[PDB]
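Heads up, the chain below is alone and in the form deposited in one PDB entry; it's given as structure tokens.
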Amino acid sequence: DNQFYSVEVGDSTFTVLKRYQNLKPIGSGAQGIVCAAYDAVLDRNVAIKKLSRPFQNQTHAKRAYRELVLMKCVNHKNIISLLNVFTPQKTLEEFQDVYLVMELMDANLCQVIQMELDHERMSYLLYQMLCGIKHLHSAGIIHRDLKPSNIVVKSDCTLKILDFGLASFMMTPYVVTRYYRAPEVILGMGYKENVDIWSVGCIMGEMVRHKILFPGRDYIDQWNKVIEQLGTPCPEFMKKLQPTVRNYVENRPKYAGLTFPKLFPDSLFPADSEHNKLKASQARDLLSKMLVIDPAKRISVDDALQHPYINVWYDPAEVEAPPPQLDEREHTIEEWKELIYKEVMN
């Protein structure tokens, strides 16, 4: 008569509620393994992510606690919704795992990057990202860590963002993706809303080029790739850097920079029709306004939404949707356990 059951998925053991049938491993991350499943009660498929011992460290603890609180309060069609939360353990002392249940999407933005997208779908996906990011911004959430792996899509081209971003030692077997972070994060500078526009541009640029824009082993190799293509930023941007960082960037080999038609030629864009020729210029024009190193010269979310390549889908309810305790703090690993439990158990 137990409400839960246990199946072995991959290498781990998933102990889920009886309503969740047939688990198929669909994803895996740093904080948990994601399985797709059927929900008998709701009569639909869902995605179940298992946070194995989230409170084991302050980074993973802060992450888990924050996503849990926001996935409940934030309510937007372009930000993943939480359907059910649960733990198979009965007491705070026995407490080990957390199970996040969300609507099931069909794939990653990484899988969509591997294919040639038409201007209709590319601008719609892009319009959705900016739609959710805008909603997050109105709620006081500035992501700063958007990556394809955390953006999920459905077959009908609907899009949703998975995580809530950045609020940090981690002894782990796995990597962190830096490729989509803004200069005001690579170089530590202090940001504002449009820091997410850079990530959107790194994604669009990859959706077009079909390969990572600014790769690198470290932030040193990555910044190398930023200036090698876009060129050394203007002498007004550098006066905003910290004196120890300013030194490093200023004394770094100079580059004039490539132009956008060179970075993103017409060969990468479908320019057969006359409609596609104009859209291919518009797309390139948006990229040129998103992949700008200086935040003061970088386009805003609102203006990127009013751009001719994106605004063809503008909708008042989707763009200007209404937004909703002060959470950017510090605790020990057992204090976090308590906070996570009392959240999981409303």
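Residue indices: 1-based, along the sequence shown. Basically, rigid core = biggest C-alpha set you can superpose within 1.5 Å across the two forms.
- In the comparison with other entries of the same protein, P25 is given coordinates in all of those covering both sides of it, so it never reaches the one-third threshold.
- Coordinates for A271 are absent from at least a third of the other compared entries of this protein that model residues on both sides of it.
- A chain break between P324 and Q325 is present, corresponding to 4 to 9 residues of the deposited sequence without coordinates.
- In this entry, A167 is separated from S168 by 4 to 9 residues of the deposited sequence that have no coordinates.
- Mean C-alpha B-factor is higher over 307-315 than over the other stretch, the pair under comparison being 307-315 and 37-45.
- Look at the mean CA B-factor for 152-160 and for 234-242 in the entry; the higher one is 234-242.
- Of the candidates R63, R284, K50, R53, the one whose C-alpha carries the top B factor in the deposited record is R53.
- Among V200, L109, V98, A271, the highest C-alpha B-factor recorded in the PDB entry belongs to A271.
- The deposited CA B-factor of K72 belongs to the highest third of values across its chain.
- When the modelled residues of the chain are ordered by their C-alpha B factor, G140 lands in the lowest third.
- The entry lists a Cα temperature factor for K211 that places it in the highest third of the chain's modelled residues.
- Ranked within its chain, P261 lands in the middle third, by CA B factor from the PDB record.
- Split the chain's modelled residues into thirds by C-alpha temperature factor. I220 is in the middle one.
Beyond what is shown, the protein has a form solved in complex with a partner chain; the following relates to that form.
- Residues with any non-hydrogen atom within 4.5 angstroms of its partner chain in the deposited complex fall in just one of 312-320, 38-46, 65-73, 296-304: 312-320.
- Among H275, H210, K240, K154, the residue placing a heavy atom within 4.5 Å of its partner chain in the deposited complex is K154.
- For the candidate set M171, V175, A256, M115, a heavy atom within 4.5 Å of its partner chain in the deposited complex is found for exactly one residue, namely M115.
- With respect to its partner chain in the deposited complex, the three residues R329, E338 and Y341 uniformly fall beyond 4.5 angstroms at the level of their nearest heavy atom.
- Residue contact check for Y179: none of its heavy atoms lie within 4.5 Å of its partner chain in the deposited complex.
- Its partner chain in the deposited complex comes within 4.5 Å of a heavy atom belonging to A107.
- Taking the partner from elsewhere, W223 is found to have every heavy atom lying beyond 4.5 Å of its partner chain in the deposited complex.
- Residue contact check for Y124: one or more of its heavy atoms lie within 4.5 Å of its partner chain in the deposited complex.
- Rigid core superposed between the shown form and the other one, residues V152, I203, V98, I133 considered: the one with a C-alpha shift of 2 Å or more is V98.
- When the rigid core is held fixed, the Cα atom of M290 travels less than 2 angstroms between the shown form and the other one.
- After superposition on the rigid core, the Cα of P235 moves by less than 2 Å between the shown form and the other one.
- The Cα shift for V175 between the shown form and the other one, taken after rigid core superposition, is 2 angstroms or larger.
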